[PDB]
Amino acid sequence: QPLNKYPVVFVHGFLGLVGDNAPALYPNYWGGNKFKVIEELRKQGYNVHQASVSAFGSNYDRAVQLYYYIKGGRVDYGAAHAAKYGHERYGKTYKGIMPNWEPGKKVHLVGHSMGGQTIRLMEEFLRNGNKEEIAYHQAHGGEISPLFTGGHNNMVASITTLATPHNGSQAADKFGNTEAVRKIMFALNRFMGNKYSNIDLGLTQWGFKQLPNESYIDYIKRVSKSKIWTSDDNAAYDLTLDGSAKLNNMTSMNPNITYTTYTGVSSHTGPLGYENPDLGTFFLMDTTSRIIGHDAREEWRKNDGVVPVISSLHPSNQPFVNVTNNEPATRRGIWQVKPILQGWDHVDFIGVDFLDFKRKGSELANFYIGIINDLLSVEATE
C-alpha cells in the first residue's frame, strides 16, 4: 500500500508539544503553516507519524517513551534508573503506532534538535540494552523491559537529524541549565500539573500531577520534596556540552543504519570575529544566538540561533563524511553530513518562523520530500 515499506517517525525536540497535547492556540510543530509535514506526506501516500514524548524530560526518559510510543505499552523507565534519580518507575501507557515492531520490521527515524539525541539513545538500548538495569535485574530478580535487554537489531533503518545539538550548546550551559531558569521550567511543569490541566509537559514521573482531591498548597508542598529540583535527569542538563558528551561516549555506530545530518547557519561575522544573529533568525533565539556567537573558542560561534555548527554537523568523536546535495545518501555506518543550509535557523527546519518570508513553504516541502527520497533510496539499496 504505502510508497515507503518502513514507516517514518518524526521525533520533536525540547519544549515540543504535538498533536492532541498542545494548547488551544499553538503552532504546529512539524511544518508550521508552511508545509504540513504529516498531513501532506500522507496525502502523497507515505506512511508517516509524529511521536509525542517528554518536552522537558531527559534524553533517557524520552528514549524510553519513544520506544513505547512506537511499540505500545506502559512506559517502564527501569527500576535502577528510577531508584537512582528518584522518580516513578512507571509512566504513561501508549496505544502503539506499530504494535508488531520487532527485528525484521523496521522504522525510519528523523529527529529535530534534541529529537536527534533521543533517537540515537533509543537505538543504543535496542542493540546493547541498559547495563544498570541488566545488572539490577541480575542482583534483585523481577521483570525487565525488553528495551533494556539488548540484542534487538534490524529494527531501525535510518537515523536522520535536523539541527540536532549532537555536541550540546552553550545556550544550555549558560542559560537553559542555570539554577534560576531550571526553577522557572519546573514551576511551569508544576503549574501545568494542576487538576484543570489537559497538557502533559512531560515531568509527571517526578510527581507534578495534582491529585483531584488535593489542595494546591498541599500539592506545592508534596512536590517540593521531589528530586527534580536538583536532578540531572532532565532536558536542560542533557543539552549542555558535558551532558551531550555523555551520550556520545555511550553510543556507537550501527553499521546497518543509514546516518545523515542537516545543519543551519543563521548568524553572520561581526566586528571582532564574533557571530551575531541575522535578521530572520526567529526572535526568541536572539539572546541565545548572541551567547553562542560570542564564545571564546572561535570554531564554536557560527550558530542557527541555539545550536552552534560544530554541534550539529556530527557527534564530534564519531565517523562522518561530508556529502553533496545531489549524491545519494546511502552509506551505512557513517554520519553523512549534508552541506550547511545557509540562512536556515533552528526553527526554519520545522517551518514555524512565520516572521521569515525568505523561508517559503515550497522550499520546506522540497526539503521534506528530499528526506523521504533519501529514505526510499535506503529502502531500495538493501
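Start at 1 with the first residue shown and count on from there.
Chemist: In the PDB record, does 145-153 or 264-272 carry the higher mean Cα temperature factor?
Modeler: Mean CA B-factor is higher for 264-272.
Chemist: If you average the CA temperature factors over each stretch, which comes out higher, 319-327 or 48-56?
Modeler: Stretch with the greater average CA B-factor: 319-327.
Chemist: From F191, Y77, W206, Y136, pick the one with the largest CA B-factor in the entry?
Modeler: Within the set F191, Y77, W206, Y136, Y136 shows the top C-alpha B-factor.
Chemist: Among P103, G305, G111, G168, where is the Cα B factor highest in this entry?
Modeler: Across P103, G305, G111, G168, the entry lists the biggest C-alpha B-factor for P103.
Chemist: Using the B-factors in the PDB entry, rank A365's C-alpha atom against the chain and give the third, lowest, middle or highest.
Modeler: It falls in the top third of the chain.
Chemist: Select lowest, middle or highest to describe the third in which the CA B-factor of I340 falls within its chain in this entry.
Modeler: It belongs to the middle third of the chain when residues are ordered by C-alpha B-factor.
Chemist: Rank-wise, by C-alpha B-factor, drop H140 into the lowest, middle or highest third of its chain.
Modeler: For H140, the deposited C-alpha B-factor lands in the middle third.
Chemist: Could you say whether, by C-alpha temperature factor, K92 belongs to the lowest, middle or highest third of its chain?
Modeler: According to the entry, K92 has a C-alpha B-factor in the chain's middle third.
Chemist: Report the third (lowest, middle or highest) to which the CA temperature factor of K43 belongs, ranking only the modelled residues of the same chain.
Modeler: Highest third of the chain for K43's C-alpha B-factor.
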